[PDB]
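Presented as structure tokens, the chain that follows is alone, the form deposited in one PDB entry.
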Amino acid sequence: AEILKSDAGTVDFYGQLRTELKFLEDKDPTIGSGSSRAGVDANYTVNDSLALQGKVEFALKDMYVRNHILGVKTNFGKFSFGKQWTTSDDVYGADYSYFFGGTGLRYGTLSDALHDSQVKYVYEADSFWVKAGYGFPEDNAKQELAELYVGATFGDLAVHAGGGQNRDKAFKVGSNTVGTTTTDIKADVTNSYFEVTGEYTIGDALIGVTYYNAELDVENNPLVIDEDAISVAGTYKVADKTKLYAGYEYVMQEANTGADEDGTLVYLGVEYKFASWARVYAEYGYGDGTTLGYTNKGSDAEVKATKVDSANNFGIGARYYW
């Protein structure tokens, strides 16, 4: 990106402007959900064995801090402190969409993929890696979080596995009205999760599969909910500038009361790159059934718990990068 400074030190000014139109079943078109941002990333190498990083990223709305990081890289790994995305969000899984996928990735149900005071660790060797994180609860003002993932690449097959636990002692589930007493439903909820992923590259094709489990339990309550999830997705480079993509996502939710639900999400889309600094995309999404909540990494959208009936959805977008 825009190198302001460069030597043993570099200062990089970077960002994205986005314009996105969303057409959701039974709604008027929405313009302006596009997640634009701008930041600065400063790096300095002290020697062969030690480097420092300072990064800050703001949303372009009014303006507010998205990430704010101090980093220390050493021969025994990299340690990063401050307001960061979760390690679970960085590793992600087999969702290749720009708008509607991610329903089978179950790490974000409570956290929305962010904790304002974390320490994150990364170790890399050859093709092999370890990534971990911990969130400081601040005498209960912030959630509890602890995560660990490992992965490697063996020829054309890349694999990873891991997970964690995320606790929110006062999570807002929703609201109830009984006569004229309207009241918030809040609970002490823990989300415990684990996943395995494989991604296979063959020529112009990429195919991925992710399995996820999660367990939601409530501290002073017999209620437990288990989720079992599969995501099957791929991409295909049909020309130098042009990539097609598609996925199928199925999730079953089972409560210890015996209540069962499930949800299906299918997407198909196309990406076109004008240049390294410009691209556009268009996507169709078909949803049926239930989600307890998910995050689409591509667009940064959060979808709260919901049920839909045979819903047809479309998105179109364009981005500028520097």
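All residue numbers refer to positions in the sequence shown, first residue = 1. Shifts are known only where both forms have a C-alpha. Whichever C-alpha set is largest while still superposing within 1.5 Å between the two forms counts as the rigid core.
Exercise. If you count the residues of the deposited sequence that sit between residue 61 and residue 62 but have no coordinates, do you get none, 1 to 3, 4 to 9, or 10 or more?
Worked result: Unresolved stretch here: 1 to 3 residues.
Exercise. Mean CA B-factor: is it higher for 301 to 309 or for 13 to 21?
Worked result: Per the PDB record, 301 to 309.
Problem set entry | Higher-B stretch (mean Cα B-factor, as the entry records it), 177 to 185 or 148 to 156 | Looking at the recorded C-alpha B-factors, 177 to 185 comes out higher on average.
For this session: Specify which of 119, 214, 125, 233 carries the largest Cα B factor in the deposited PDB entry.
Result: Spelled out: the listed residue with the top C-alpha B-factor is 125.
Problem set entry | Most elevated Cα B-factor in the entry, residues 33, 296, 253, 36 | Among 33, 296, 253, 36, the highest C-alpha B-factor in the entry belongs to 33.
Problem set entry | Ranked C-alpha temperature factor of residue 200 among modelled chain residues, by third | Middle third of the chain for residue 200's C-alpha B-factor.
Problem set entry | residue 271 CA temperature factor, ranked by third within the chain | Lowest third, going by the recorded CA B-factors of the chain.
Exercise. Which third, lowest, middle or highest, does the CA B-factor of residue 112 fall in along this chain?
Worked result: Residue 112: CA B-factor falls in the highest third of its chain.
Exercise. Lowest, middle or highest third of the chain for the C-alpha temperature factor of residue 41?
Worked result: It falls in the middle third of the chain.
Exercise. Mind checking which third residue 77 falls in for C-alpha B-factor across the chain?
Worked result: Middle third by C-alpha B-factor.
Note that the form deposited in another entry isn't included here; everything after this is about it.
Problem set entry | After fitting the core, residue 220 CA displacement of 2 Å or more between the shown form and the other one | No; that C-alpha moves by less than 2 Å between the shown form and the other one.
Exercise. When the two forms are laid on each other by their rigid core, does residue 46 show a Cα shift of 2 Å or more between the shown form and the other one?
Worked result: Residue 46: C-alpha displaced by 2 Å or more between the shown form and the other one.
Exercise. Does the distance between the two CA positions of residue 177 reach 2 Å or more between the shown form and the other one, the core being superposed?
Worked result: Shift at residue 177: 2 Å or more after core fit.
Exercise. What stretches, three or more residues long, have all their C-alphas moved by 2 Å or more between the shown form and the other one when the rigid core is held in place?
Worked result: Residues 45 to 48, 176 to 185 form the runs that move by 2 Å or more between the shown form and the other one.
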